[PDB]
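entry11.cif, holding mmCIF, C-alpha atoms and all ligand atoms:
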data_input
#
loop_
_atom_site.label_atom_id
_atom_site.label_comp_id
_atom_site.auth_asym_id
_atom_site.auth_seq_id
_atom_site.Cartn_x
_atom_site.Cartn_y
_atom_site.Cartn_z
CA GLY A 1 246.08 335.94 0.68
CA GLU A 2 244.53 336.11 4.15
CA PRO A 3 240.77 335.93 4.78
CA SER A 4 240.89 338.19 7.88
CA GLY A 5 237.66 336.70 9.20
CA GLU A 6 235.85 336.28 5.88
CA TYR A 7 234.83 332.83 4.62
CA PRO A 8 237.96 331.63 2.79
CA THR A 9 238.12 331.03 -0.96
CA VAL A 10 240.65 329.36 -3.28
CA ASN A 11 242.62 332.64 -3.28
CA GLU A 12 243.40 332.21 0.41
CA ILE A 13 244.07 328.45 0.31
CA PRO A 14 246.94 326.97 -1.70
CA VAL A 15 246.55 323.28 -2.53
CA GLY A 16 247.89 321.45 0.53
CA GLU A 17 246.67 323.89 3.20
CA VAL A 18 243.50 323.90 5.29
CA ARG A 19 241.57 326.62 7.05
CA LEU A 20 238.82 326.44 9.68
CA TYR A 21 235.86 328.75 10.02
CA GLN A 22 233.78 328.95 13.18
CA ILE A 23 230.07 328.54 12.39
CA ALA A 24 228.63 328.35 15.93
CA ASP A 25 229.65 327.32 19.42
CA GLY A 26 231.35 323.96 18.92
CA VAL A 27 230.82 323.92 15.14
CA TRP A 28 233.40 324.73 12.45
CA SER A 29 233.70 324.15 8.76
CA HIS A 30 237.01 323.07 7.31
CA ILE A 31 238.03 324.38 3.88
CA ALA A 32 240.63 322.89 1.57
CA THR A 33 241.48 323.02 -2.11
CA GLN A 34 242.35 320.42 -4.71
CA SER A 35 242.31 319.63 -8.44
CA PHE A 36 239.63 318.24 -10.70
CA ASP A 37 240.07 318.12 -14.48
CA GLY A 38 243.04 320.46 -14.13
CA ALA A 39 241.19 323.18 -12.18
CA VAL A 40 241.35 324.00 -8.49
CA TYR A 41 238.20 323.98 -6.36
CA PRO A 42 237.49 324.72 -2.71
CA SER A 43 235.75 322.07 -0.61
CA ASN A 44 234.06 322.17 2.79
CA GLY A 45 233.61 319.69 5.60
CA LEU A 46 232.44 319.99 9.20
CA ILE A 47 233.91 319.67 12.71
CA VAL A 48 231.59 319.29 15.71
CA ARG A 49 232.66 319.32 19.34
CA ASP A 50 231.74 316.02 21.02
CA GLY A 51 232.50 316.59 24.72
CA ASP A 52 236.30 316.71 24.98
CA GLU A 53 236.63 315.14 21.50
CA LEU A 54 235.81 316.17 17.97
CA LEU A 55 233.64 314.58 15.32
CA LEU A 56 234.82 315.17 11.77
CA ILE A 57 232.48 315.19 8.77
CA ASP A 58 234.33 314.50 5.52
CA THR A 59 238.02 314.47 4.74
CA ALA A 60 239.82 317.50 3.31
CA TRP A 61 240.09 315.93 -0.16
CA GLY A 62 243.25 313.83 -0.16
CA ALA A 63 246.03 312.58 2.05
CA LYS A 64 248.17 315.72 2.16
CA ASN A 65 245.22 317.97 2.83
CA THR A 66 243.82 315.66 5.47
CA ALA A 67 247.13 315.59 7.33
CA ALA A 68 247.09 319.42 7.12
CA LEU A 69 243.52 319.36 8.49
CA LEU A 70 244.61 317.38 11.55
CA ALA A 71 247.48 319.83 12.14
CA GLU A 72 245.19 322.85 11.75
CA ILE A 73 242.70 321.35 14.21
CA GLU A 74 245.48 320.78 16.73
CA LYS A 75 246.66 324.39 16.28
CA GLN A 76 243.25 326.07 16.43
CA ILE A 77 241.15 323.84 18.68
CA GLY A 78 243.52 321.47 20.49
CA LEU A 79 241.04 318.61 20.99
CA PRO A 80 241.46 315.17 19.45
CA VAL A 81 239.50 314.02 16.41
CA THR A 82 238.18 310.59 17.40
CA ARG A 83 235.56 309.75 14.74
CA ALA A 84 234.84 310.76 11.15
CA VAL A 85 231.88 310.25 8.83
CA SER A 86 232.11 310.50 5.03
CA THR A 87 228.94 311.76 3.37
CA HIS A 88 229.45 310.10 -0.04
CA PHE A 89 231.99 307.99 -1.93
CA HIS A 90 233.85 310.64 -3.95
CA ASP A 91 237.46 311.55 -3.24
CA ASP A 92 236.59 314.93 -1.70
CA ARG A 93 234.78 313.02 1.05
CA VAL A 94 236.82 309.81 1.51
CA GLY A 95 240.26 310.79 0.18
CA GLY A 96 242.37 310.99 3.34
CA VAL A 97 240.54 308.22 5.18
CA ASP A 98 243.80 306.22 5.28
CA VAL A 99 245.53 309.18 6.98
CA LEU A 100 242.68 309.46 9.49
CA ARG A 101 242.71 305.74 10.24
CA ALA A 102 246.45 305.67 10.91
CA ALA A 103 246.06 308.70 13.21
CA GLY A 104 243.62 306.72 15.36
CA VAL A 105 240.40 308.20 14.01
CA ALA A 106 237.54 305.70 13.65
CA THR A 107 236.10 306.24 10.14
CA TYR A 108 232.44 305.57 9.23
CA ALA A 109 230.16 305.66 6.20
CA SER A 110 226.98 303.95 5.03
CA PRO A 111 227.40 300.50 3.48
CA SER A 112 226.30 302.04 0.17
CA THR A 113 229.13 304.59 0.36
CA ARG A 114 231.63 301.90 1.32
CA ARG A 115 230.68 299.69 -1.62
CA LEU A 116 230.77 302.59 -4.09
CA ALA A 117 234.12 303.79 -2.74
CA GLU A 118 235.56 300.29 -3.08
CA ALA A 119 234.28 299.96 -6.65
CA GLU A 120 235.69 303.36 -7.61
CA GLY A 121 239.13 302.50 -6.24
CA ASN A 122 238.81 305.17 -3.53
CA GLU A 123 239.76 304.90 0.14
CA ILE A 124 237.19 303.11 2.25
CA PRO A 125 235.91 304.07 5.72
CA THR A 126 236.36 301.27 8.24
CA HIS A 127 232.89 301.02 9.83
CA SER A 128 229.44 300.67 8.26
CA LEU A 129 226.49 302.81 9.38
CA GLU A 130 223.21 300.89 9.24
CA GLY A 131 219.87 302.69 9.25
CA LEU A 132 220.43 305.01 6.26
CA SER A 133 219.35 302.87 3.30
CA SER A 134 215.96 304.40 2.40
CA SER A 135 215.16 308.02 1.58
CA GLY A 136 214.16 309.90 4.72
CA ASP A 137 216.10 307.56 7.02
CA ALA A 138 218.25 309.06 9.77
CA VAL A 139 220.35 308.14 12.79
CA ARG A 140 221.88 310.09 15.67
CA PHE A 141 225.67 309.90 15.76
CA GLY A 142 227.23 311.68 18.70
CA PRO A 143 226.24 315.36 18.52
CA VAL A 144 224.73 315.17 15.00
CA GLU A 145 221.99 313.62 12.93
CA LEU A 146 222.93 311.78 9.74
CA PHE A 147 220.09 311.93 7.18
CA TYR A 148 219.74 310.18 3.84
CA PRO A 149 217.53 312.43 1.72
CA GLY A 150 217.46 310.24 -1.39
CA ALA A 151 219.63 310.37 -4.50
CA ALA A 152 220.90 313.79 -5.50
CA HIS A 153 224.55 314.62 -6.25
CA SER A 154 225.13 310.89 -5.73
CA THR A 155 222.91 307.95 -4.83
CA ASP A 156 224.57 307.60 -1.40
CA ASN A 157 224.80 311.24 -0.33
CA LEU A 158 224.13 312.04 3.36
CA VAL A 159 223.43 315.36 5.00
CA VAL A 160 224.29 316.24 8.57
CA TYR A 161 222.32 318.30 11.09
CA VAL A 162 223.71 319.72 14.34
CA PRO A 163 220.57 320.16 16.45
CA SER A 164 222.25 322.22 19.19
CA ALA A 165 223.24 324.88 16.64
CA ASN A 166 220.60 324.50 13.92
CA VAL A 167 223.37 323.95 11.37
CA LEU A 168 222.67 321.88 8.29
CA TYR A 169 225.71 320.59 6.42
CA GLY A 170 224.43 319.62 2.99
CA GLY A 171 227.59 318.29 1.47
CA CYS A 172 227.53 318.06 -2.31
CA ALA A 173 223.78 317.65 -2.43
CA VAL A 174 223.61 321.41 -1.68
CA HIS A 175 225.09 324.22 -3.75
CA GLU A 176 226.12 327.72 -2.74
CA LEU A 177 224.03 330.71 -3.82
CA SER A 178 226.45 331.90 -6.50
CA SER A 179 226.30 328.50 -8.20
CA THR A 180 225.02 328.47 -11.79
CA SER A 181 225.51 324.76 -12.47
CA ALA A 182 224.83 321.36 -10.90
CA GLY A 183 228.57 320.67 -11.04
CA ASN A 184 229.85 317.14 -11.58
CA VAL A 185 226.70 315.18 -12.46
CA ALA A 186 228.36 311.92 -13.56
CA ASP A 187 226.94 310.10 -10.55
CA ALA A 188 223.90 312.31 -9.91
CA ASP A 189 220.18 311.65 -10.17
CA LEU A 190 218.98 314.92 -11.66
CA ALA A 191 215.33 313.87 -11.75
CA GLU A 192 215.26 312.90 -8.05
CA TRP A 193 217.54 315.66 -6.72
CA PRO A 194 214.84 318.32 -6.29
CA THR A 195 212.64 315.81 -4.42
CA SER A 196 215.58 314.94 -2.18
CA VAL A 197 216.14 318.61 -1.42
CA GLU A 198 212.44 318.96 -0.62
CA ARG A 199 212.82 316.14 1.92
CA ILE A 200 215.68 318.07 3.55
CA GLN A 201 213.58 321.24 3.70
CA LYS A 202 210.67 319.35 5.30
CA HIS A 203 212.82 317.53 7.84
CA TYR A 204 215.01 320.48 8.92
CA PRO A 205 212.78 323.57 8.61
CA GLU A 206 214.50 325.32 11.52
CA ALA A 207 218.01 325.23 10.03
CA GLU A 208 219.67 328.64 10.47
CA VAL A 209 222.93 327.97 8.63
CA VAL A 210 223.26 325.75 5.55
CA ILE A 211 226.75 324.75 4.45
CA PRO A 212 227.25 323.55 0.88
CA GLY A 213 229.84 320.97 -0.15
CA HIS A 214 231.73 323.67 -2.04
CA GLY A 215 231.57 327.43 -1.45
CA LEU A 216 229.93 329.88 0.91
CA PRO A 217 227.51 329.01 3.70
CA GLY A 218 224.21 330.86 3.93
CA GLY A 219 220.67 330.39 5.14
CA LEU A 220 217.83 328.08 4.24
CA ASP A 221 217.64 329.53 0.73
CA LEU A 222 220.60 327.43 -0.38
CA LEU A 223 218.19 324.48 -0.45
CA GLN A 224 215.65 326.08 -2.79
CA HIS A 225 218.46 327.53 -4.89
CA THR A 226 219.96 324.07 -5.32
CA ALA A 227 216.65 322.63 -6.50
CA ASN A 228 216.40 325.52 -8.96
CA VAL A 229 219.94 325.02 -10.29
CA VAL A 230 219.40 321.31 -10.78
CA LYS A 231 216.02 321.72 -12.48
CA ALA A 232 217.65 324.28 -14.81
CA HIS A 233 220.41 321.82 -15.68
ZN ZN B 1 244.71 310.90 -3.11
ZN ZN B 2 230.76 314.17 -5.05
ZN ZN B 3 231.91 317.46 -4.06
#

Same coordinates, now as C-alpha cells:
Amino acid sequence: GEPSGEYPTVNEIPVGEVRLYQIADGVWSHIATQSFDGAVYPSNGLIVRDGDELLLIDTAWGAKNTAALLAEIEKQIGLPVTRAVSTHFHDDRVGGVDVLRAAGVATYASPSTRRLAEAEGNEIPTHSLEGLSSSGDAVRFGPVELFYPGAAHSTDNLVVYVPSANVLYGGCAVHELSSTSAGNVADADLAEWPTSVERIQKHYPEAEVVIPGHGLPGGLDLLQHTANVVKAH
C-alpha cells in the first residue's frame, strides 16, 4: 500500500524497497524491510544534508535494500551520499556497506563496531572513528554529533544528534512507543541499558524528535519508554 504522507510501515514496504520520510529541513529517515528468524521487520536510518552532499546514518539492512536506498535518494533528493556511519555491528546497520563503498561512499564506524562486525562475519566499514570508546564520549561528524551512551542494545551502539534540527536518532538503543519488548537481546546489556538511556536524556534534553531503530518516531518520551521496556524485560 501507499503511506500518503504517514510514517511508512511494513505494509507499505515490500522487502527490497526503501522509502524516505522528511523529519525536518535537511533531515530524513529512511525505512526498509527485511527478514529475521523468518519474520519481516521495518528498520530506520537517517539522512542529513551536509552542504551539497548527504551524510547517511546506517545502511538499509542488506545489499539489495541499500542499492534501493541510493536510488530512492537520487529520485527524491538528488544530492550525492558521500559518507556513511554505522551505529552498531548488526546487519541492519552494516549490511550494505559493500554496496556503499563501491558507489564511492566513505564508510565509518567506531573501532569497536568494526571489530565486532568482523568477528560476526558482517560487512565492515572502511574507516575507524576514534573518540567514542567510553560511555558519554562524543565527536562532531559533519552536521551531526555521534554519542556513545554506554552498552544498551549492543556494547558498541551509537546515537546521533542533529543539533540544527534537535533530532535524536537513537538507533536500536531506542524503542518506539508501541514496543512491548526489548527485542533481540542476544548482544544487549540489560542491566546497563537504562543507565545508558539516562545518559542520552541528560546529554540531549532539548531533543524534539526521537527516532527509534525500528518503528515510529516520536518525542522525548521514547527514551523513558525504552528504559521502562528494558527494565520490564
Ligand atoms: Zn546480506
Ligand atoms: Zn542490533
Ligand atoms: Zn536493530

Which polymer residues have any atom within 9 Å of an atom of stretch 65-82 of chain A, counting only C-alpha atoms, with same-chain residues fewer than 2 positions away left out, as a PDB file with C-alpha atoms, in the coordinates of the input?
ATOM      1  CA  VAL A  15     246.550 323.280  -2.530  1.00  0.00           C
ATOM      2  CA  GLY A  16     247.890 321.450   0.530  1.00  0.00           C
ATOM      3  CA  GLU A  17     246.670 323.890   3.200  1.00  0.00           C
ATOM      4  CA  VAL A  18     243.500 323.900   5.290  1.00  0.00           C
ATOM      5  CA  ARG A  19     241.570 326.620   7.050  1.00  0.00           C
ATOM      6  CA  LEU A  20     238.820 326.440   9.680  1.00  0.00           C
ATOM      7  CA  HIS A  30     237.010 323.070   7.310  1.00  0.00           C
ATOM      8  CA  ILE A  31     238.030 324.380   3.880  1.00  0.00           C
ATOM      9  CA  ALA A  32     240.630 322.890   1.570  1.00  0.00           C
ATOM     10  CA  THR A  33     241.480 323.020  -2.110  1.00  0.00           C
ATOM     11  CA  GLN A  34     242.350 320.420  -4.710  1.00  0.00           C
ATOM     12  CA  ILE A  47     233.910 319.670  12.710  1.00  0.00           C
ATOM     13  CA  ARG A  49     232.660 319.320  19.340  1.00  0.00           C
ATOM     14  CA  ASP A  52     236.300 316.710  24.980  1.00  0.00           C
ATOM     15  CA  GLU A  53     236.630 315.140  21.500  1.00  0.00           C
ATOM     16  CA  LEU A  54     235.810 316.170  17.970  1.00  0.00           C
ATOM     17  CA  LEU A  55     233.640 314.580  15.320  1.00  0.00           C
ATOM     18  CA  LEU A  56     234.820 315.170  11.770  1.00  0.00           C
ATOM     19  CA  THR A  59     238.020 314.470   4.740  1.00  0.00           C
ATOM     20  CA  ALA A  60     239.820 317.500   3.310  1.00  0.00           C
ATOM     21  CA  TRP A  61     240.090 315.930  -0.160  1.00  0.00           C
ATOM     22  CA  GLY A  62     243.250 313.830  -0.160  1.00  0.00           C
ATOM     23  CA  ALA A  63     246.030 312.580   2.050  1.00  0.00           C
ATOM     24  CA  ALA A  84     234.840 310.760  11.150  1.00  0.00           C
ATOM     25  CA  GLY A  95     240.260 310.790   0.180  1.00  0.00           C
ATOM     26  CA  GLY A  96     242.370 310.990   3.340  1.00  0.00           C
ATOM     27  CA  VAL A  97     240.540 308.220   5.180  1.00  0.00           C
ATOM     28  CA  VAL A  99     245.530 309.180   6.980  1.00  0.00           C
ATOM     29  CA  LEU A 100     242.680 309.460   9.490  1.00  0.00           C
ATOM     30  CA  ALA A 103     246.060 308.700  13.210  1.00  0.00           C
ATOM     31  CA  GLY A 104     243.620 306.720  15.360  1.00  0.00           C
ATOM     32  CA  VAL A 105     240.400 308.200  14.010  1.00  0.00           C
ATOM     33  CA  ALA A 106     237.540 305.700  13.650  1.00  0.00           C
ATOM     34  CA  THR A 107     236.100 306.240  10.140  1.00  0.00           C
TER      35      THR A 107
END

request  = Dump the neighbourhood of ligand ZN 2 (chain B) as JSON, numbers by chain: all residues within 9 Å, distances computed on only C-alpha atoms and all ligand atoms.
outcome  = {"A": [87, 88, 89, 90, 91, 92, 93, 153, 154, 157, 171, 172, 173, 184, 185, 187, 188, 213]}

Export of the given selection (C-alpha atoms) as a PDB file, in the coordinates of the input:
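See result37.pdb below for the written result:
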ATOM      1  CA  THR A  87     228.940 311.760   3.370  1.00  0.00           C
ATOM      2  CA  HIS A  88     229.450 310.100  -0.040  1.00  0.00           C
ATOM      3  CA  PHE A  89     231.990 307.990  -1.930  1.00  0.00           C
ATOM      4  CA  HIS A  90     233.850 310.640  -3.950  1.00  0.00           C
ATOM      5  CA  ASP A  91     237.460 311.550  -3.240  1.00  0.00           C
ATOM      6  CA  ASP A  92     236.590 314.930  -1.700  1.00  0.00           C
ATOM      7  CA  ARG A  93     234.780 313.020   1.050  1.00  0.00           C
ATOM      8  CA  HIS A 153     224.550 314.620  -6.250  1.00  0.00           C
ATOM      9  CA  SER A 154     225.130 310.890  -5.730  1.00  0.00           C
ATOM     10  CA  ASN A 157     224.800 311.240  -0.330  1.00  0.00           C
ATOM     11  CA  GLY A 171     227.590 318.290   1.470  1.00  0.00           C
ATOM     12  CA  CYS A 172     227.530 318.060  -2.310  1.00  0.00           C
ATOM     13  CA  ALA A 173     223.780 317.650  -2.430  1.00  0.00           C
ATOM     14  CA  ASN A 184     229.850 317.140 -11.580  1.00  0.00           C
ATOM     15  CA  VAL A 185     226.700 315.180 -12.460  1.00  0.00           C
ATOM     16  CA  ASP A 187     226.940 310.100 -10.550  1.00  0.00           C
ATOM     17  CA  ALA A 188     223.900 312.310  -9.910  1.00  0.00           C
ATOM     18  CA  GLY A 213     229.840 320.970  -0.150  1.00  0.00           C
TER      19      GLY A 213
END

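Relative to atom CA of residue A:216, atom CA of residue A:123 is found at 26.9 Å.
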
ask   = Quick one: residues within 12 Å of residue A:134, only C-alpha atoms counted, chain neighbours fewer than 6 positions away excluded, as an MDAnalysis selection string?
value = chainID A and resid 110 112 147:151 155:158 196

Written selection (C-alpha atoms) as an mmCIF file, keeping the file's coordinate frame:
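Saved file selection-v9.cif follows:
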data_model
loop_
_atom_site.group_PDB
_atom_site.id
_atom_site.type_symbol
_atom_site.label_atom_id
_atom_site.label_comp_id
_atom_site.auth_asym_id
_atom_site.auth_seq_id
_atom_site.Cartn_x
_atom_site.Cartn_y
_atom_site.Cartn_z
ATOM 1 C CA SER A 110 226.980 303.950 5.030
ATOM 2 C CA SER A 112 226.300 302.040 0.170
ATOM 3 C CA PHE A 147 220.090 311.930 7.180
ATOM 4 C CA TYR A 148 219.740 310.180 3.840
ATOM 5 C CA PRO A 149 217.530 312.430 1.720
ATOM 6 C CA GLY A 150 217.460 310.240 -1.390
ATOM 7 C CA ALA A 151 219.630 310.370 -4.500
ATOM 8 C CA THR A 155 222.910 307.950 -4.830
ATOM 9 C CA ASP A 156 224.570 307.600 -1.400
ATOM 10 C CA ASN A 157 224.800 311.240 -0.330
ATOM 11 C CA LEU A 158 224.130 312.040 3.360
ATOM 12 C CA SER A 196 215.580 314.940 -2.180
#

message = Between atom CA of residue A:212 and atom CA of residue A:170, what distance in Å does the model show, to one decimal?
response = 5.3 Å

note = From the list A:94, A:162, A:207, A:227, the nearest residue to ligand ZN 1 (chain B) using all atoms listed in the file is A:94
